Every structure is written in structure tokens, then in C-alpha cells.
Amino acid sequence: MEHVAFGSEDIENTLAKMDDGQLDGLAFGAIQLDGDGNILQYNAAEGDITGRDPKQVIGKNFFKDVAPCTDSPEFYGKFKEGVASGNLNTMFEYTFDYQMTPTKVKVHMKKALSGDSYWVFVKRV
């Protein structure tokens, strides 16, 4: 178990040191995306929420392929503006509903310390 709290103010510093098998110890879902929304990392806790096998989603586009209910101004729209701006730190609730039981979650999106990477953190509410 890796001790990190959802929403912590220096979470990107914390996760920088972590390997993929370390990300799997987090109490919340964590996805790492490039600027184009392609999944670079995907932890086990997100797999528990969405039903995806984490290995099978790496390389796919989060907005186009994997999570199409996120393709909207309220989610994808924010990300695309954070990528354009190169700054992003936003937290909001959303309902995941694509090919799964509708589940209400808290999403936190934040820029990584990495130069062109972005985090999406997901926990149940």
C-alpha cells in the first residue's frame, strides 16, 4: 500500500517516483495521459472502477477509444484547454456510464512534472 491522499497538493511530486507496479498500490484510480489523450499508465484501482484490464488499455486513446462518455466540454474540453495552456488542476464529479453500471466519481486532473504528461485521478463518491 502506497500512502498518498486523493487531492493532495503535491501529488505529482509523489507519483513521479513511482513505477507501474507501485501505482497499483494507490487508494484511488490513476491514469497518465499524453497531450493527445493516449494512455501511458493505468493503475489497478481504475481497472476496478471501469472493468478495463490495465495492460490492454495502455496505448489507446482515453477520449476516442476507451472512455467516450468523457468526450464532452465538461471533461475532455477541460483537458484540451489545460494541454493548450500547459497548466491544469481541476476537480469535479462525473458519471462514468459507458458499457458499465453508471458510477459517480470524483475526478482530479493535474499536469505531471513530466513535460507532456497529465494525470487523471478517479475515486468513488
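Numbering starts at 1 and runs along the sequence shown.
In this entry, 85-93 has the higher mean Cα B-factor, the comparison being between 67-75 and 85-93. When the C-alpha B-factors of 28-36 and 51-59 are averaged, 51-59 comes out higher. Annotation for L23: C-alpha temperature factor in the highest third relative to the rest of the modelled chain, per the entry.
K110: CA B factor lies in the lowest third for its chain, per the PDB record.
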